[PDB]
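Student: Below you'll find data09.csv; it's CSV, N, CA and C atoms.
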chain,number,residue,atom,x,y,z
Q,1,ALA,N,0.8,-1.2,0.0
Q,1,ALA,CA,0.0,0.0,0.0
Q,1,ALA,C,0.9,1.2,0.0
Q,2,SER,N,1.6,1.5,1.1
Q,2,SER,CA,2.4,2.6,1.2
Q,2,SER,C,3.8,2.1,1.6
Q,3,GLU,N,4.8,2.6,1.0
Q,3,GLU,CA,6.2,2.2,1.3
Q,3,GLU,C,6.7,2.8,2.5
Q,4,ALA,N,6.5,2.1,3.6
Q,4,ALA,CA,6.9,2.5,4.9
Q,4,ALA,C,7.7,1.3,5.4
Q,5,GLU,N,9.0,1.3,5.3
Q,5,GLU,CA,9.8,0.2,5.8
Q,5,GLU,C,10.1,0.5,7.2
Q,6,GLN,N,9.8,-0.4,8.1
Q,6,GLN,CA,10.0,-0.2,9.5
Q,6,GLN,C,11.2,-0.9,10.0
Q,7,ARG,N,11.7,-0.5,11.1
Q,7,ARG,CA,12.8,-1.1,11.7
Q,7,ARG,C,12.4,-2.0,12.8
Q,8,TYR,N,12.7,-3.2,12.7
Q,8,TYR,CA,12.4,-4.1,13.8
Q,8,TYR,C,13.6,-4.3,14.5
Q,9,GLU,N,13.6,-4.1,15.8
Q,9,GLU,CA,14.8,-4.3,16.5
Q,9,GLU,C,14.6,-5.6,17.3
Q,10,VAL,N,15.4,-6.5,16.9
Q,10,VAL,CA,15.3,-7.8,17.5
Q,10,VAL,C,16.3,-7.8,18.7
Q,11,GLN,N,15.8,-7.9,19.9
Q,11,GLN,CA,16.6,-7.9,21.0
Q,11,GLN,C,16.7,-9.3,21.6
Q,12,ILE,N,17.8,-9.9,21.4
Q,12,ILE,CA,18.1,-11.2,21.8
Q,12,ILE,C,18.9,-11.2,23.1
Q,13,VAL,N,18.4,-11.6,24.1
Q,13,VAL,CA,19.1,-11.7,25.4
Q,13,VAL,C,19.7,-13.1,25.4
Q,14,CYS,N,21.0,-13.2,25.3
Q,14,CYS,CA,21.6,-14.5,25.2
Q,14,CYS,C,22.8,-14.6,26.1
Q,15,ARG,N,23.0,-15.8,26.7
Q,15,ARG,CA,24.2,-16.0,27.5
Q,15,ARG,C,25.4,-15.9,26.6
Q,16,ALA,N,26.5,-15.3,27.1
Q,16,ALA,CA,27.8,-15.1,26.5
Q,16,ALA,C,28.4,-16.4,26.1
Q,17,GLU,N,28.0,-17.4,26.8
Q,17,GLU,CA,28.4,-18.8,26.6
Q,17,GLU,C,28.1,-19.3,25.2
Q,18,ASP,N,27.0,-18.9,24.7
Q,18,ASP,CA,26.5,-19.4,23.4
Q,18,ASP,C,26.2,-18.3,22.4
Q,19,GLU,N,26.6,-17.1,22.7
Q,19,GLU,CA,26.4,-15.9,21.9
Q,19,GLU,C,26.8,-16.1,20.5
Q,20,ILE,N,27.9,-16.7,20.2
Q,20,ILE,CA,28.4,-17.0,18.9
Q,20,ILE,C,27.5,-17.9,18.1
Q,21,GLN,N,26.9,-18.9,18.8
Q,21,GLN,CA,25.9,-19.8,18.1
Q,21,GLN,C,24.7,-18.9,17.7
Q,22,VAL,N,24.2,-18.2,18.7
Q,22,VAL,CA,23.1,-17.3,18.6
Q,22,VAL,C,23.2,-16.4,17.4
Q,23,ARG,N,24.3,-15.6,17.3
Q,23,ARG,CA,24.6,-14.7,16.3
Q,23,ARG,C,24.8,-15.5,14.9
Q,24,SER,N,25.4,-16.7,14.9
Q,24,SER,CA,25.5,-17.4,13.7
Q,24,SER,C,24.2,-17.8,13.2
Q,25,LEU,N,23.2,-18.2,14.1
Q,25,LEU,CA,21.9,-18.5,13.6
Q,25,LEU,C,21.1,-17.3,13.2
Q,26,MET,N,21.4,-16.1,13.8
Q,26,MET,CA,20.9,-14.8,13.3
Q,26,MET,C,21.2,-14.6,11.9
Q,27,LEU,N,22.5,-14.8,11.6
Q,27,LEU,CA,23.0,-14.6,10.2
Q,27,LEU,C,22.4,-15.7,9.3
Q,28,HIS,N,22.3,-16.9,9.9
Q,28,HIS,CA,21.7,-18.0,9.1
Q,28,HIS,C,20.2,-17.7,8.7
Q,29,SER,N,19.5,-17.1,9.6
Q,29,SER,CA,18.1,-16.6,9.3
Q,29,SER,C,18.1,-15.4,8.4
Q,30,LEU,N,19.3,-14.8,8.1
Q,30,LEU,CA,19.4,-13.8,7.2
Q,30,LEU,C,19.7,-14.4,5.8
Q,31,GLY,N,19.7,-15.7,5.8
Q,31,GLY,CA,19.9,-16.4,4.5
Q,31,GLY,C,18.6,-16.2,3.7
Q,32,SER,N,18.6,-15.2,2.9
Q,32,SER,CA,17.5,-14.8,2.1
Q,32,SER,C,16.4,-14.3,3.0
Q,33,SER,N,16.5,-13.1,3.5
Q,33,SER,CA,15.6,-12.6,4.4
Q,33,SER,C,15.0,-11.2,3.8
Q,34,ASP,N,13.8,-11.0,4.0
Q,34,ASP,CA,13.1,-9.7,3.7
Q,34,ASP,C,13.6,-8.7,4.7
Q,35,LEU,N,13.9,-9.2,5.9
Q,35,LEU,CA,14.5,-8.4,6.9
Q,35,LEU,C,15.9,-8.1,6.7
Q,36,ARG,N,16.2,-6.9,6.4
Q,36,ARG,CA,17.5,-6.4,6.0
Q,36,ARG,C,18.2,-5.8,7.2
Q,37,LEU,N,19.3,-6.4,7.7
Q,37,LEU,CA,20.0,-6.0,8.9
Q,37,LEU,C,20.7,-4.7,8.6
Q,38,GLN,N,20.7,-3.8,9.6
Q,38,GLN,CA,21.5,-2.6,9.6
Q,38,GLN,C,22.6,-2.7,10.6
Q,39,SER,N,22.3,-2.8,11.9
Q,39,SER,CA,23.3,-2.8,12.9
Q,39,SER,C,22.8,-3.8,14.0
Q,40,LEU,N,23.7,-4.3,14.8
Q,40,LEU,CA,23.4,-5.0,16.0
Q,40,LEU,C,24.2,-4.6,17.2
Q,41,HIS,N,23.5,-3.9,18.1
Q,41,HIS,CA,24.2,-3.4,19.2
Q,41,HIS,C,24.2,-4.5,20.3
Q,42,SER,N,25.4,-5.0,20.6
Q,42,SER,CA,25.5,-6.1,21.5
Q,42,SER,C,26.2,-5.5,22.8
Q,43,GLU,N,25.4,-5.4,23.8
Q,43,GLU,CA,25.9,-4.9,25.0
Q,43,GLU,C,25.5,-5.9,26.1
Q,44,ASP,N,26.0,-5.7,27.3
Q,44,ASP,CA,25.7,-6.5,28.5
Q,44,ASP,C,24.6,-5.8,29.2
Q,45,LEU,N,23.5,-6.6,29.5
Q,45,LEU,CA,22.4,-5.9,30.1
Q,45,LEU,C,22.0,-6.5,31.5
Q,46,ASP,N,21.4,-7.6,31.5
Q,46,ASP,CA,20.9,-8.3,32.7
Q,46,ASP,C,22.0,-8.6,33.7
Q,47,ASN,N,23.0,-9.2,33.1
Q,47,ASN,CA,24.2,-9.7,33.8
Q,47,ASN,C,25.3,-9.7,32.8
Q,48,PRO,N,26.6,-9.5,33.2
Q,48,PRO,CA,27.7,-9.6,32.2
Q,48,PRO,C,27.7,-10.9,31.4
Q,49,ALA,N,27.1,-12.0,31.9
Q,49,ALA,CA,27.0,-13.3,31.2
Q,49,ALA,C,25.8,-13.3,30.2
Q,50,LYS,N,24.9,-12.3,30.3
Q,50,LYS,CA,23.8,-12.3,29.4
Q,50,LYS,C,23.9,-11.1,28.5
Q,51,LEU,N,24.2,-11.3,27.3
Q,51,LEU,CA,24.5,-10.3,26.4
Q,51,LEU,C,23.2,-10.0,25.6
Q,52,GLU,N,22.8,-8.8,25.5
Q,52,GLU,CA,21.6,-8.4,24.8
Q,52,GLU,C,22.0,-7.8,23.5
Q,53,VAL,N,21.7,-8.5,22.5
Q,53,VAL,CA,22.0,-8.1,21.1
Q,53,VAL,C,20.7,-7.6,20.5
Q,54,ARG,N,20.7,-6.3,20.3
Q,54,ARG,CA,19.6,-5.6,19.7
Q,54,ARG,C,20.0,-5.2,18.3
Q,55,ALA,N,19.4,-5.9,17.3
Q,55,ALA,CA,19.7,-5.7,15.9
Q,55,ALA,C,18.6,-5.0,15.2
Q,56,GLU,N,18.9,-4.1,14.4
Q,56,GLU,CA,18.0,-3.3,13.6
Q,56,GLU,C,17.8,-4.0,12.3
Q,57,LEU,N,16.7,-4.5,12.0
Q,57,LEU,CA,16.4,-5.1,10.8
Q,57,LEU,C,15.3,-4.4,10.1
Q,58,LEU,N,15.5,-3.9,8.9
Q,58,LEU,CA,14.5,-3.2,8.1
Q,58,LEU,C,13.6,-4.2,7.4
Q,59,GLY,N,12.3,-4.0,7.6
Q,59,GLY,CA,11.3,-4.8,6.9
Q,59,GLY,C,10.0,-4.1,6.9
Q,60,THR,N,9.1,-4.5,6.1
Q,60,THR,CA,7.9,-3.9,6.0
Q,60,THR,C,6.9,-4.5,7.0
Q,61,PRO,N,5.8,-3.8,7.3
Q,61,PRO,CA,4.7,-4.4,8.2
Q,61,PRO,C,4.1,-5.6,7.6
Q,62,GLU,N,4.3,-5.8,6.3
Q,62,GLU,CA,3.7,-6.9,5.5
Q,62,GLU,C,4.5,-8.2,5.7
Q,63,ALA,N,5.6,-8.2,6.5
Q,63,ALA,CA,6.5,-9.3,6.7
Q,63,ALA,C,6.6,-9.8,8.2
Q,64,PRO,N,5.5,-9.8,9.0
Q,64,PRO,CA,5.6,-10.2,10.5
Q,64,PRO,C,6.1,-11.7,10.6
Q,65,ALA,N,5.7,-12.5,9.6
Q,65,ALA,CA,6.1,-13.9,9.6
Q,65,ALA,C,7.6,-14.1,9.6
Q,66,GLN,N,8.3,-13.2,9.0
Q,66,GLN,CA,9.7,-13.3,8.9
Q,66,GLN,C,10.3,-13.1,10.3
Q,67,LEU,N,9.7,-12.2,11.1
Q,67,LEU,CA,10.2,-12.0,12.5
Q,67,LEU,C,10.1,-13.3,13.3
Q,68,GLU,N,8.9,-14.0,13.1
Q,68,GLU,CA,8.7,-15.2,13.8
Q,68,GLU,C,9.8,-16.2,13.4
Q,69,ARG,N,10.1,-16.2,12.1
Q,69,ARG,CA,11.1,-17.1,11.5
Q,69,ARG,C,12.5,-16.9,12.2
Q,70,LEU,N,12.9,-15.6,12.3
Q,70,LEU,CA,14.1,-15.2,13.0
Q,70,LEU,C,14.1,-15.7,14.4
Q,71,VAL,N,13.1,-15.4,15.1
Q,71,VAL,CA,12.9,-15.7,16.5
Q,71,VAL,C,12.9,-17.2,16.7
Q,72,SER,N,12.2,-17.9,15.8
Q,72,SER,CA,12.2,-19.4,15.9
Q,72,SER,C,13.6,-20.0,15.7
Q,73,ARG,N,14.3,-19.6,14.7
Q,73,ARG,CA,15.6,-20.2,14.3
Q,73,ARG,C,16.6,-20.0,15.5
Q,74,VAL,N,16.5,-18.8,16.0
Q,74,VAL,CA,17.4,-18.5,17.1
Q,74,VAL,C,17.0,-19.2,18.4
Q,75,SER,N,15.7,-19.3,18.6
Q,75,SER,CA,15.1,-19.9,19.8
Q,75,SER,C,15.4,-21.4,19.8
Q,76,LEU,N,15.7,-22.0,18.6
Q,76,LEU,CA,16.1,-23.4,18.5
Q,76,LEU,C,17.4,-23.6,19.2
Q,77,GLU,N,18.2,-22.6,19.4
Q,77,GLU,CA,19.5,-22.7,20.0
Q,77,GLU,C,19.5,-22.4,21.5
Q,78,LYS,N,20.5,-22.9,22.1
Q,78,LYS,CA,20.6,-22.8,23.5
Q,78,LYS,C,21.4,-21.5,23.8
Q,79,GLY,N,21.1,-21.0,25.0
Q,79,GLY,CA,21.8,-19.8,25.4
Q,79,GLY,C,20.9,-18.6,25.4
Q,80,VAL,N,19.8,-18.6,24.7
Q,80,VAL,CA,18.9,-17.6,24.6
Q,80,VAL,C,18.1,-17.5,25.9
Q,81,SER,N,18.2,-16.4,26.6
Q,81,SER,CA,17.4,-16.3,27.8
Q,81,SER,C,16.0,-15.7,27.5
Q,82,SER,N,16.0,-14.7,26.6
Q,82,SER,CA,14.8,-14.1,26.2
Q,82,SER,C,15.0,-13.5,24.8
Q,83,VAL,N,13.9,-13.4,24.0
Q,83,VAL,CA,14.0,-12.8,22.7
Q,83,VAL,C,12.8,-12.0,22.4
Q,84,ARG,N,12.9,-10.7,22.2
Q,84,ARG,CA,11.8,-9.8,22.0
Q,84,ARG,C,12.2,-9.0,20.7
Q,85,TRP,N,11.2,-8.6,20.0
Q,85,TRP,CA,11.4,-7.7,18.9
Q,85,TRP,C,10.5,-6.5,19.0
Q,86,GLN,N,11.1,-5.4,18.8
Q,86,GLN,CA,10.4,-4.1,18.9
Q,86,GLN,C,10.1,-3.5,17.6
Q,87,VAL,N,8.9,-3.2,17.3
Q,87,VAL,CA,8.6,-2.6,16.1
Q,87,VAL,C,8.8,-1.1,16.2
Q,88,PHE,N,9.8,-0.6,15.6
Q,88,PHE,CA,10.1,0.8,15.5
Q,88,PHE,C,9.7,1.3,14.2
Q,89,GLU,N,8.8,2.2,14.2
Q,89,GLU,CA,8.2,2.7,13.0
Q,89,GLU,C,8.8,4.0,12.6
Q,90,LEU,N,8.4,4.5,11.4
Q,90,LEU,CA,8.8,5.8,10.9
Q,90,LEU,C,8.0,6.8,11.6
Q,91,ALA,N,8.5,8.0,11.7
Q,91,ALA,CA,7.8,9.1,12.4
Q,91,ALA,C,6.7,9.5,11.5
Q,92,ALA,N,5.4,9.5,12.0
Q,92,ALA,CA,4.3,9.9,11.3
Q,92,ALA,C,4.3,11.4,11.2
Q,93,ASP,N,4.6,11.9,10.1
Q,93,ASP,CA,4.7,13.3,9.8
Q,93,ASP,C,3.5,13.8,9.1
Kindly present the structure from the file in structure tokens form.
Tutor:
Amino acid sequence: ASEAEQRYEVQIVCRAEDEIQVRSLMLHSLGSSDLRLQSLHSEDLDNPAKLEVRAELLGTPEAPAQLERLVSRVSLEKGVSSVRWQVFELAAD
């Protein structure tokens, strides 16, 4: 309808123990993805052992299923404490 590509910020809270696996599966789920990665801010949040990786992925509101896909593929892996995605939209002007 209207070209409004939104940024979905996938915030994966994962143990540092398996962060590399988590991030590898993140990239794996980027294997032909509508969701186009911009950046992934990986900081320590809950605890130094739990790294929260908040990645900006651009996608349209027409692609919610892809977010599920990402979340599922990463949730298949161990180390993930919590995984949320924030729909950040464009500023309605």
Student: If you run DSSP on the backbone, which residues of chain Q are strand (DSSP E or B), as a PyMOL selection string?
Tutor: chain Q and resi 6-15+36-47+50-59+80-88
Student: Deliver the residues from the most recent selection as a file, using N, CA and C atoms, as a CSV table (one decimal), in the frame of the given file.
Tutor:
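Result file is again-v6.csv:
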chain,number,residue,atom,x,y,z
Q,6,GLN,N,9.8,-0.4,8.1
Q,6,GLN,CA,10.0,-0.2,9.5
Q,6,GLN,C,11.2,-0.9,10.0
Q,7,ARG,N,11.7,-0.5,11.1
Q,7,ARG,CA,12.8,-1.1,11.7
Q,7,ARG,C,12.4,-2.0,12.8
Q,8,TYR,N,12.7,-3.2,12.7
Q,8,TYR,CA,12.4,-4.1,13.8
Q,8,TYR,C,13.6,-4.3,14.5
Q,9,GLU,N,13.6,-4.1,15.8
Q,9,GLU,CA,14.8,-4.3,16.5
Q,9,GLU,C,14.6,-5.6,17.3
Q,10,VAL,N,15.4,-6.5,16.9
Q,10,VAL,CA,15.3,-7.8,17.5
Q,10,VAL,C,16.3,-7.8,18.7
Q,11,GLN,N,15.8,-7.9,19.9
Q,11,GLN,CA,16.6,-7.9,21.0
Q,11,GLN,C,16.7,-9.3,21.6
Q,12,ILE,N,17.8,-9.9,21.4
Q,12,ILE,CA,18.1,-11.2,21.8
Q,12,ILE,C,18.9,-11.2,23.1
Q,13,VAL,N,18.4,-11.6,24.1
Q,13,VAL,CA,19.1,-11.7,25.4
Q,13,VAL,C,19.7,-13.1,25.4
Q,14,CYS,N,21.0,-13.2,25.3
Q,14,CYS,CA,21.6,-14.5,25.2
Q,14,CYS,C,22.8,-14.6,26.1
Q,15,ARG,N,23.0,-15.8,26.7
Q,15,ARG,CA,24.2,-16.0,27.5
Q,15,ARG,C,25.4,-15.9,26.6
Q,36,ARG,N,16.2,-6.9,6.4
Q,36,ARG,CA,17.5,-6.4,6.0
Q,36,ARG,C,18.2,-5.8,7.2
Q,37,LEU,N,19.3,-6.4,7.7
Q,37,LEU,CA,20.0,-6.0,8.9
Q,37,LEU,C,20.7,-4.7,8.6
Q,38,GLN,N,20.7,-3.8,9.6
Q,38,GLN,CA,21.5,-2.6,9.6
Q,38,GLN,C,22.6,-2.7,10.6
Q,39,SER,N,22.3,-2.8,11.9
Q,39,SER,CA,23.3,-2.8,12.9
Q,39,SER,C,22.8,-3.8,14.0
Q,40,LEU,N,23.7,-4.3,14.8
Q,40,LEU,CA,23.4,-5.0,16.0
Q,40,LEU,C,24.2,-4.6,17.2
Q,41,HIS,N,23.5,-3.9,18.1
Q,41,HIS,CA,24.2,-3.4,19.2
Q,41,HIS,C,24.2,-4.5,20.3
Q,42,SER,N,25.4,-5.0,20.6
Q,42,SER,CA,25.5,-6.1,21.5
Q,42,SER,C,26.2,-5.5,22.8
Q,43,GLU,N,25.4,-5.4,23.8
Q,43,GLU,CA,25.9,-4.9,25.0
Q,43,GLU,C,25.5,-5.9,26.1
Q,44,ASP,N,26.0,-5.7,27.3
Q,44,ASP,CA,25.7,-6.5,28.5
Q,44,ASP,C,24.6,-5.8,29.2
Q,45,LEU,N,23.5,-6.6,29.5
Q,45,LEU,CA,22.4,-5.9,30.1
Q,45,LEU,C,22.0,-6.5,31.5
Q,46,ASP,N,21.4,-7.6,31.5
Q,46,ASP,CA,20.9,-8.3,32.7
Q,46,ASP,C,22.0,-8.6,33.7
Q,47,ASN,N,23.0,-9.2,33.1
Q,47,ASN,CA,24.2,-9.7,33.8
Q,47,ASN,C,25.3,-9.7,32.8
Q,50,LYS,N,24.9,-12.3,30.3
Q,50,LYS,CA,23.8,-12.3,29.4
Q,50,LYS,C,23.9,-11.1,28.5
Q,51,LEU,N,24.2,-11.3,27.3
Q,51,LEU,CA,24.5,-10.3,26.4
Q,51,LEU,C,23.2,-10.0,25.6
Q,52,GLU,N,22.8,-8.8,25.5
Q,52,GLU,CA,21.6,-8.4,24.8
Q,52,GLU,C,22.0,-7.8,23.5
Q,53,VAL,N,21.7,-8.5,22.5
Q,53,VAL,CA,22.0,-8.1,21.1
Q,53,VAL,C,20.7,-7.6,20.5
Q,54,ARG,N,20.7,-6.3,20.3
Q,54,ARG,CA,19.6,-5.6,19.7
Q,54,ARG,C,20.0,-5.2,18.3
Q,55,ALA,N,19.4,-5.9,17.3
Q,55,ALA,CA,19.7,-5.7,15.9
Q,55,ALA,C,18.6,-5.0,15.2
Q,56,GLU,N,18.9,-4.1,14.4
Q,56,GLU,CA,18.0,-3.3,13.6
Q,56,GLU,C,17.8,-4.0,12.3
Q,57,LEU,N,16.7,-4.5,12.0
Q,57,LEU,CA,16.4,-5.1,10.8
Q,57,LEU,C,15.3,-4.4,10.1
Q,58,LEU,N,15.5,-3.9,8.9
Q,58,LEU,CA,14.5,-3.2,8.1
Q,58,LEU,C,13.6,-4.2,7.4
Q,59,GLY,N,12.3,-4.0,7.6
Q,59,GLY,CA,11.3,-4.8,6.9
Q,59,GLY,C,10.0,-4.1,6.9
Q,80,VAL,N,19.8,-18.6,24.7
Q,80,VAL,CA,18.9,-17.6,24.6
Q,80,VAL,C,18.1,-17.5,25.9
Q,81,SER,N,18.2,-16.4,26.6
Q,81,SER,CA,17.4,-16.3,27.8
Q,81,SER,C,16.0,-15.7,27.5
Q,82,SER,N,16.0,-14.7,26.6
Q,82,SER,CA,14.8,-14.1,26.2
Q,82,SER,C,15.0,-13.5,24.8
Q,83,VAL,N,13.9,-13.4,24.0
Q,83,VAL,CA,14.0,-12.8,22.7
Q,83,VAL,C,12.8,-12.0,22.4
Q,84,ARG,N,12.9,-10.7,22.2
Q,84,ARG,CA,11.8,-9.8,22.0
Q,84,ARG,C,12.2,-9.0,20.7
Q,85,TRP,N,11.2,-8.6,20.0
Q,85,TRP,CA,11.4,-7.7,18.9
Q,85,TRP,C,10.5,-6.5,19.0
Q,86,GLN,N,11.1,-5.4,18.8
Q,86,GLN,CA,10.4,-4.1,18.9
Q,86,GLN,C,10.1,-3.5,17.6
Q,87,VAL,N,8.9,-3.2,17.3
Q,87,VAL,CA,8.6,-2.6,16.1
Q,87,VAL,C,8.8,-1.1,16.2
Q,88,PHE,N,9.8,-0.6,15.6
Q,88,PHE,CA,10.1,0.8,15.5
Q,88,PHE,C,9.7,1.3,14.2
Student: Could you tell me how far atom CA of residue Q:86 lies from atom CA of residue Q:11, in Å and to one decimal?
Tutor: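 Between atom CA of residue Q:86 and atom CA of residue Q:11 the gap is 7.6 Å.
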Student: What is the distance, in Å and to one decimal place, between atom CA of residue Q:20 and atom C of residue Q:78?
Tutor: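 Atom-to-atom, atom CA of residue Q:20 to atom C of residue Q:78, that is 9.7 Å.
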Student: Quick one: of Q:73, Q:36, Q:7, Q:54, who's nearest to residue Q:21, counting only C-alpha atoms?
Tutor: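 For residue Q:21, the nearest of the candidates is Q:73.
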Student: Taking only N, CA and C atoms into account, which of Q:65, Q:77, Q:40, Q:82 comes nearest residue Q:53?
Tutor: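 Counting only N, CA and C atoms, the residue closest to residue Q:53 is Q:40.
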Student: Could you go through stretch 16-89 of chain Q and tell me which residues DSSP, when run on the backbone, assigns to alpha helix (DSSP H), listing them as a ChimeraX atom specification?
Tutor: /Q:19-28,64-75
Student: Excluding residue Q:72 and its own-chain neighbours fewer than 6 positions away, which residues fall within 12 Å of it when counting only C-alpha atoms? Please give them as a VMD selection string.
Tutor: chain Q and resid 12 22 25 to 26 28 to 29 65 to 66 78 80 82 to 84
Student: Would you please work out which residue, of Q:76, Q:63, Q:90, Q:14, is nearest to residue Q:49 when using only N, CA and C atoms?
Tutor: Q:14
Student: So that I can see what lies close to residue Q:51, please list as a list in words the residues with an atom at most 7 Å from it, counting only N, CA and C atoms and leaving out residues fewer than 3 positions away in the same chain.
Tutor: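 Everything that qualifies: residues 12, 13, 14, 15, 16, 42, 43, 44, 45, 46, 47, 48 and 54 of chain Q.
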Student: Using only N, CA and C atoms, please write the residues we just selected to a file, as a PDB file, keeping the file's coordinate frame.
Tutor:
ATOM      1  N   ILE Q  12      17.800  -9.900  21.400  1.00  0.00           N
ATOM      2  CA  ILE Q  12      18.100 -11.200  21.800  1.00  0.00           C
ATOM      3  C   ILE Q  12      18.900 -11.200  23.100  1.00  0.00           C
ATOM      4  N   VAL Q  13      18.400 -11.600  24.100  1.00  0.00           N
ATOM      5  CA  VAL Q  13      19.100 -11.700  25.400  1.00  0.00           C
ATOM      6  C   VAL Q  13      19.700 -13.100  25.400  1.00  0.00           C
ATOM      7  N   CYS Q  14      21.000 -13.200  25.300  1.00  0.00           N
ATOM      8  CA  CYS Q  14      21.600 -14.500  25.200  1.00  0.00           C
ATOM      9  C   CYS Q  14      22.800 -14.600  26.100  1.00  0.00           C
ATOM     10  N   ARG Q  15      23.000 -15.800  26.700  1.00  0.00           N
ATOM     11  CA  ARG Q  15      24.200 -16.000  27.500  1.00  0.00           C
ATOM     12  C   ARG Q  15      25.400 -15.900  26.600  1.00  0.00           C
ATOM     13  N   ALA Q  16      26.500 -15.300  27.100  1.00  0.00           N
ATOM     14  CA  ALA Q  16      27.800 -15.100  26.500  1.00  0.00           C
ATOM     15  C   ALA Q  16      28.400 -16.400  26.100  1.00  0.00           C
ATOM     16  N   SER Q  42      25.400  -5.000  20.600  1.00  0.00           N
ATOM     17  CA  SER Q  42      25.500  -6.100  21.500  1.00  0.00           C
ATOM     18  C   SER Q  42      26.200  -5.500  22.800  1.00  0.00           C
ATOM     19  N   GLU Q  43      25.400  -5.400  23.800  1.00  0.00           N
ATOM     20  CA  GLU Q  43      25.900  -4.900  25.000  1.00  0.00           C
ATOM     21  C   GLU Q  43      25.500  -5.900  26.100  1.00  0.00           C
ATOM     22  N   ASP Q  44      26.000  -5.700  27.300  1.00  0.00           N
ATOM     23  CA  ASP Q  44      25.700  -6.500  28.500  1.00  0.00           C
ATOM     24  C   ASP Q  44      24.600  -5.800  29.200  1.00  0.00           C
ATOM     25  N   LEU Q  45      23.500  -6.600  29.500  1.00  0.00           N
ATOM     26  CA  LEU Q  45      22.400  -5.900  30.100  1.00  0.00           C
ATOM     27  C   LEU Q  45      22.000  -6.500  31.500  1.00  0.00           C
ATOM     28  N   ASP Q  46      21.400  -7.600  31.500  1.00  0.00           N
ATOM     29  CA  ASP Q  46      20.900  -8.300  32.700  1.00  0.00           C
ATOM     30  C   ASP Q  46      22.000  -8.600  33.700  1.00  0.00           C
ATOM     31  N   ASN Q  47      23.000  -9.200  33.100  1.00  0.00           N
ATOM     32  CA  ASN Q  47      24.200  -9.700  33.800  1.00  0.00           C
ATOM     33  C   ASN Q  47      25.300  -9.700  32.800  1.00  0.00           C
ATOM     34  N   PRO Q  48      26.600  -9.500  33.200  1.00  0.00           N
ATOM     35  CA  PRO Q  48      27.700  -9.600  32.200  1.00  0.00           C
ATOM     36  C   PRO Q  48      27.700 -10.900  31.400  1.00  0.00           C
ATOM     37  N   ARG Q  54      20.700  -6.300  20.300  1.00  0.00           N
ATOM     38  CA  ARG Q  54      19.600  -5.600  19.700  1.00  0.00           C
ATOM     39  C   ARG Q  54      20.000  -5.200  18.300  1.00  0.00           C
TER      40      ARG Q  54
END
Student: Please provide the set of residues having any atom within 7 Å of residue Q:59, restricted to all atoms listed in the file, with same-chain residues fewer than 2 positions apart removed, written as a PyMOL selection string.
Tutor: chain Q and resi 4-8+34-36+57+61-63
Student: With all atoms listed in the file as the atoms that count, which of Q:92, Q:33, Q:10, Q:70 lies nearest to residue Q:52?
Tutor: Q:10
Student: Do you have the atom CA of residue Q:67-atom CA of residue Q:18 distance handy?
Tutor: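 Rounded to one decimal, the two atoms are 21.0 Å apart.
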Student: So, counting only C-alpha atoms, which residue among Q:19, Q:89, Q:9, Q:31 is closest to residue Q:55?
Tutor: Q:9
Student: May I ask which of the residues Q:39, Q:75, Q:2, Q:24 is the closest one to residue Q:58, counting only C-alpha atoms?
Tutor: Q:39
